[PDB]
Amino acid sequence: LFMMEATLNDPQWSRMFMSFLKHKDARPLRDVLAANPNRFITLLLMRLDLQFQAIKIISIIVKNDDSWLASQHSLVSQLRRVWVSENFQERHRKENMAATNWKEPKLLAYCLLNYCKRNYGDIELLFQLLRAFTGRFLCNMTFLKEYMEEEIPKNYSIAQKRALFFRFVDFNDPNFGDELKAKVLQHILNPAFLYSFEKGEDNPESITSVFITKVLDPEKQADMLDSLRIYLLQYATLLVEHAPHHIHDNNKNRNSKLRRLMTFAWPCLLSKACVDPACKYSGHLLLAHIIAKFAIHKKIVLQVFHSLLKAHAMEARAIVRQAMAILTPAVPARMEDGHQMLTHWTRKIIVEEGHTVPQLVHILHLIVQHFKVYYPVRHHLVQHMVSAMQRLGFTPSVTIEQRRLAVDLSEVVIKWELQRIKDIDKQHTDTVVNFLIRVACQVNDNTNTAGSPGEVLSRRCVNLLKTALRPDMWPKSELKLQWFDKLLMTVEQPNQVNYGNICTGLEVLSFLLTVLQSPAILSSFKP
Amino acid sequence: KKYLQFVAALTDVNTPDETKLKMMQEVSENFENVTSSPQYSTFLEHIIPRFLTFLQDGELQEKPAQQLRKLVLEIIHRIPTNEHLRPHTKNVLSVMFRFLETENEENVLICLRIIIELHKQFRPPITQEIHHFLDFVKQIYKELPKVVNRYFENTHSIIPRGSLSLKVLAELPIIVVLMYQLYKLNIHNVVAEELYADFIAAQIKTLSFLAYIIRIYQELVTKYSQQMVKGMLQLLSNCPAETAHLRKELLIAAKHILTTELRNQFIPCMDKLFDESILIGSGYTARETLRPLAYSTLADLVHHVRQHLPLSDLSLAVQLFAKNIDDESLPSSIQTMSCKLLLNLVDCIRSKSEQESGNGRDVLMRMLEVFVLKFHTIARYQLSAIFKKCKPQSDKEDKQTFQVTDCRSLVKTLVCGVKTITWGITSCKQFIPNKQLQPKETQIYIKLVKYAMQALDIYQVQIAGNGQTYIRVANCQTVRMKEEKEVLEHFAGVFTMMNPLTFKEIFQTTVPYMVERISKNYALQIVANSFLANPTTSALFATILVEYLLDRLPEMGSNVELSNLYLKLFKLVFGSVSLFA
């Protein structure tokens with residue numbers, strides 16, 4: 001009575017039938033439909049609403065059964081057909097302001113996933129990505145994304161990881177028949193690597209196949225790679241990192257200088273081409289990862305280091321930071337005979353920065369600050385960074401970068417002195433201490449009188465000052481009499497009497513403790 | 001020694017290749033080593049004639065001219081003082097004018113760099129030569145059309161440098177009339193369109209030109225050139241997607257232009273405002289990390305100009321925004337801003353429903369749908385994310401705290417938006433006051449309350465004095481810092497305003513889940529208190545609650561928790577009876 005097209009097209013009776021079939025006691029009503037899957041084939045083709053009605057009823061049946069999956073091959077032969085159909089995509093994308101049948105994609109993807117999770121259909125599982133990251137996304141993302149992220153890398157490839165990867169690689173032929181670019185071919189790299197990493201902590205032929213099948217600029221056609229390149233580079237990085245180690249990598253990577261990964265990454269990141277920062281810096285990271293474990297070539301590590309240092313201009317922060325974290329401990333360990341050489345190259349690239357390129361200098365300062373442990377043996381290079389911090393702290397650092405970077409760079413030399421004494425340029429260290437004294441009582445004014453951040457960093461700078469005097473570097477610290485006078489004498493002018501003077505008072509108390517240790521300062525308290 | 005060492009090395013052409021590089025190394029050492037006052041000015045007075053004689057000769061080249069320009073760039077990097085800056089100004093502005101807008105080397109780039117580093121001293125009497133430079137700027141800007149029109153299908157970095165140099169040189173000095181001439185140049189700006197990389201370089205030249213035209217965000221100027229800015233906006237959509245930094249700077253320059261009232265009113269009538277968050281303001285296929293800035297700019301624009309958009313424009317704007325409201329990759333801040341935009345636009349849609357036969361009910365219901373969907377998604381995932389890291393019986397945690405705060409604000413914004421939307425659909429489409437809702441929106445509201453009674457549970461997490469999150473107790477009878485009280489009060493207000501006999505069905509269906517969540521979250525008890533305090537809705541809710549509790553009475557003897565819950569519910573019922581006897 002409900003399946004009559006005349007009544008099934010009516011919203012009222014269709015909603016009534018849906019509510020009835022959704023009820024708990026609808027077991028016999030669902031059986032008569034499961035016994036006739038061919039009925040939906042006549043509806044899954046102006047009478048286009050029958051498609052949505054059939055997709056809705058199928059979703060209810062699947063949700064209430066959870067086992068009527070292996071008996072619906074002829075159905076999914078049409079259900080997946082409309083899923084991958086360009087007509088469906090266009091019809092549902094072009095006009096979606098107030099169009100009915102809005103939840104069709106969610107239920108369609110849900111039933112497709114329910115079917116594909118019982119039988120491992122590769123083509124269907126990979127075509128499911130049409131709405132996993134790309135396409136149209138209105139509640140359709142998470143239900144499948146969480147599945148592919150947690151359930152898939154749990155029990156999917158427990159027995160046939162290599163065969164599954166080979167199937168996903170052979171997918172290129174059926175994929176190119178309907179999808180030729182990253183929109184699907186790039187997303188397929190995620191479902192595989194979640195497991196490759198979950199079980200990366202077994203498949204030798206796949207490592208040999210991936211390199212030769214995806215030759216540099218696959219198919220000798222670079223024009224088609226826009227985002228697939230970045231994900232292939234990430235694949236190669238995490239591959240040389242965890243799953244295949246030297247044992248499996250060196251077998252085929254012996255031809256690195258040939259079309260293998262080395263040439264797949266080096267020419268693009270070296271030349272000025274590939275203006276897209278993402279792909280360039282991901283190739284840099286791939287080279288860094290390769291160098292970290294193997295491929296001790298003819299000093300190309302220094303070339304990569306230089307290309308990375310000079311290239312991190314505006315927004316390369318994350319990728320270049322990761323590449324340095326992966327490579328910074330690799331170059332010195334594998335350049336024992338060239339420690340002085342690499343340090344002098346660093347000095348050179350530092351002194352060739354006469355333009356001072358503020359953002360480049362900040363990035364380099366942050367780089368050398370992250371790795372405090374790798375420049376204790378180069379105290380000769382502290383003068384440049386100290387002189388740079390001196391000028392950094394003088395600029396109007398309304399922004400967050402300059403003065404915070406300066407104070408943490410001062411903490412860097414504090415820790416350097418700590419590890420040096422308990423295993424230095426005296427005048428520059430005295431100037432550094434005087435700067436920490438000045439900047440500590442200057443940042444207090446950068447922020448408003450009250451009700452705003454900026455005081456916790458001033459307190460941590462005061463703590464840095466307190467701690468820097470415990471080493472034997474305190475005797476030669478200079479009293480900033482004029483700065484203290486000017487800042488605290490502001491109280492004579494009732495304007496701008498903010499708590500900045502209170503931090504100045506705490507610093508005067510710290511220096512009072514110093515003179516308590518060495519009464520010589522009594523003669524310096526005249527101002 | 002530096003003096004007699006650099007002087008004895010004087011060599012013009014006898015050793016062109018490496019002697020100049022050795023002298024460059026020597027002067028770099030000189031610059032890295034401190035110099036005293038007696039060894040400060042004479043060095044520059046000797047360098048200036050040397051720079052002159054070295055630039056006199058040797059005007060894709062890789063000849064000693066390159067190392068000569070490098071020595072010049074180093075002499076520039078010196079920046080010792082200003083007293084000896086006068087003849088260097090003449091030399092720089094003489095070498096600047098020649099061989100520009102051609103396949104020339106970077107000599108002009110460092111030239112503009114030294115020009116920028118030169119005008120910082122505020123030299124009055126050199127305004128004539130920089131005025132000639134501005135005349136050359138007038139020339140090149142008017143020549144740009146012919147340049148792009150002579151190179152067809154059958155370097156390019158000079159214009160951005162010149163533009164930023166003119167910007168920084170017009171910002172510092174006294175305000176003069178020369179900026180009006182630069183404005184007249186903005187009227188003559190180029191708007192038409194490895195060699196393709198050079199054409200993209202020309203596009204970014206135009207982008208830097210526009211970045212200089214940002215002056216539209218300054219003292220008012222006669223703007224009779226809407227066609228030129230429209231062509232430039234078209235070129236922006238024609239700009240490349242691979243360059244992320246330049247696209248970001250372009251979006252910043254655009255949002256800055258849109259930050260004034262006299263420019264917003266001209267945007268909506270341009271191409272029907274169809275060039276919104278469709279893939280024009282962001283990378284086409286390269287990168288979409290700067291998406292937050294573009295979305296914020298578009299939201300501010302549509303908010304300032306919402307009062308002049310027809311049905312189709314607002315409909316497709318909502319269609320484009322609801323797509324990003326659900327994007328999990330975006331920070332929750334953008335989601336809160338989009339919810340604010342939607343709840344502020346709901347009132348405008350309602351007010352405009354009087355025109356064009358309305359058609360607002362459909363869009364308002366369709367966006368209430370996405371609002372309830374966001375409610376459900378956050379109550380399903382955000383609550384789990386926080387509960388999977390709670391420390392019972394008490395850095396990435398610092399950011400997780402900010403995320404928890406963003407979610408706590410998101411739930412409030414969602415409640416407010418849902419209230420404003422409920423006010424909307426019940427006041428448009430003839431219209432009849434307090435029309436009985438249809439079954440569709442009735443079930444939608446049932447699911448809305450069912451899912452929002454869970455989202456409100458985000459207020460049970462607290463921040464400690466050490467940084468670790470803490471889960472609140474089941475019942476403490478406190479004020480909850482007043483943060484959530486108003487939130488659930490507005491949540492109740494959402495339903496207090498709807499039709500009575502629809503409230504009846506909704507709460508007859510959802511009263512068991514209500515008491516269940518109240519037992520699991522005592523903070524929701526005030527929702528029932530607000531329902532019982534509001535007139536025209538207290539009787540129905542009280543009747544439903546008593547009819548539900550009279551059958552669950554024997555359950556009070558099993559455990560003490562639900563017994564106390566039912567006791568408090570009966571106390572509230574008696575209070576309501578006393579208030580609405």
# chains A, B, ... in the order shown; residues from 1 in each chain; ligands from 1

call {"tool": "interface_residues", "arguments": {"of": "chain B", "to": "chain A", "cutoff": "6 Å", "atoms": "only C-alpha atoms", "output": "NGL selection string"}}
result
:B and (77 or 242-243 or 315-316 or 319 or 363)

call {"tool": "write_last_selection", "arguments": {"atoms": "N, CA, C and O atoms", "output": "mmCIF file, in the first residue's frame"}}
result
data_model
loop_
_atom_site.group_PDB
_atom_site.id
_atom_site.type_symbol
_atom_site.label_atom_id
_atom_site.label_comp_id
_atom_site.auth_asym_id
_atom_site.auth_seq_id
_atom_site.Cartn_x
_atom_site.Cartn_y
_atom_site.Cartn_z
ATOM 1 N N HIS B 77 74.647 47.735 3.062
ATOM 2 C CA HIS B 77 74.433 47.051 4.333
ATOM 3 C C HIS B 77 75.168 47.739 5.474
ATOM 4 O O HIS B 77 74.756 47.622 6.634
ATOM 5 N N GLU B 242 49.219 29.220 -6.626
ATOM 6 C CA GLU B 242 50.394 28.555 -6.074
ATOM 7 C C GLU B 242 51.139 29.435 -5.079
ATOM 8 O O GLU B 242 51.748 28.915 -4.137
ATOM 9 N N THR B 243 51.107 30.753 -5.264
ATOM 10 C CA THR B 243 51.804 31.683 -4.377
ATOM 11 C C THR B 243 50.901 31.972 -3.184
ATOM 12 O O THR B 243 49.885 32.660 -3.311
ATOM 13 N N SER B 315 20.393 33.878 -0.013
ATOM 14 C CA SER B 315 20.205 32.433 -0.078
ATOM 15 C C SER B 315 21.505 31.727 -0.442
ATOM 16 O O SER B 315 21.910 30.774 0.233
ATOM 17 N N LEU B 316 22.180 32.186 -1.498
ATOM 18 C CA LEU B 316 23.420 31.533 -1.900
ATOM 19 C C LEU B 316 24.549 31.823 -0.916
ATOM 20 O O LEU B 316 25.443 30.988 -0.740
ATOM 21 N N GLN B 319 23.975 29.294 1.647
ATOM 22 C CA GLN B 319 24.380 28.016 1.072
ATOM 23 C C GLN B 319 25.890 27.833 1.148
ATOM 24 O O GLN B 319 26.379 26.736 1.443
ATOM 25 N N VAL B 363 14.444 28.943 3.960
ATOM 26 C CA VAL B 363 15.862 29.114 4.270
ATOM 27 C C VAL B 363 16.078 29.122 5.778
ATOM 28 O O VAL B 363 17.056 28.562 6.289
#

call {"tool": "select_by_dssp", "arguments": {"residues": "range 91-267 of chain A", "states": "helix (DSSP H, G or I)", "output": "ChimeraX atom specification"}}
result
/A:91-94,104-116,122-131,140-155,161-170,172-178,182-185,189-198,204-213,218-220,228-241,246-253,261-267

call {"tool": "residues_around", "arguments": {"residues": "range 198-214 of chain A", "least_positions_apart": "6", "cutoff": "7 Å", "atoms": "only C-alpha atoms", "output": "PyMOL selection string"}}
result
chain A and resi 153+162+166+242-243+248+252+260

call {"tool": "atom_distance", "arguments": {"atom1": "CA of residue 425 in chain B", "atom2": "CA of residue 107 in chain A"}}
result
27.3 Å

call {"tool": "closest_residue", "arguments": {"among": "A:64, A:128, A:446, A:504", "to": "residue 83 in chain A", "atoms": "only C-alpha atoms"}}
result
A:128

call {"tool": "atom_distance", "arguments": {"atom1": "CA of residue 508 in chain A", "atom2": "CA of residue 439 in chain A"}}
result
14.4 Å

call {"tool": "atom_distance", "arguments": {"atom1": "CA of residue 323 in chain A", "atom2": "CA of residue 257 in chain A"}}
result
21.1 Å

call {"tool": "residues_around", "arguments": {"residues": "residue 545 in chain B", "least_positions_apart": "5", "cutoff": "10 Å", "atoms": "only C-alpha atoms", "output": "MDAnalysis selection string"}}
result
chainID B and resid 507:508 511:512 514:515 528 539:540 550 566 569:570 573

call {"tool": "residues_around", "arguments": {"residues": "residue 173 in chain B", "least_positions_apart": "4", "cutoff": "10 Å", "atoms": "only C-alpha atoms", "output": "list in words"}}
result
residues 119, 120, 122, 123, 124, 127, 168 and 169 of chain B

call {"tool": "write_last_selection", "arguments": {"atoms": "C-alpha atoms", "output": "PDB file, in the first residue's frame"}}
result
ATOM      1  CA  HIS B 119      65.121  58.550   3.655  1.00  0.00           C
ATOM      2  CA  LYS B 120      64.914  57.444   7.304  1.00  0.00           C
ATOM      3  CA  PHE B 122      64.548  62.905   7.025  1.00  0.00           C
ATOM      4  CA  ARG B 123      66.758  64.939   4.691  1.00  0.00           C
ATOM      5  CA  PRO B 124      64.803  68.022   3.501  1.00  0.00           C
ATOM      6  CA  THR B 127      63.180  66.251  -2.119  1.00  0.00           C
ATOM      7  CA  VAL B 168      57.499  54.196   2.812  1.00  0.00           C
ATOM      8  CA  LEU B 169      58.837  57.490   1.408  1.00  0.00           C
TER       9      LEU B 169
END

call {"tool": "residues_around", "arguments": {"residues": "residue 577 in chain B", "least_positions_apart": "3", "cutoff": "12 Å", "atoms": "only C-alpha atoms", "output": "VMD selection string"}}
result
chain B and resid 529 532 to 533 535 538 to 543 546 570 to 574 580 to 581

call {"tool": "closest_residue", "arguments": {"among": "B:419, B:50, B:167, B:303", "to": "residue 487 in chain B", "atoms": "only C-alpha atoms"}}
result
B:419
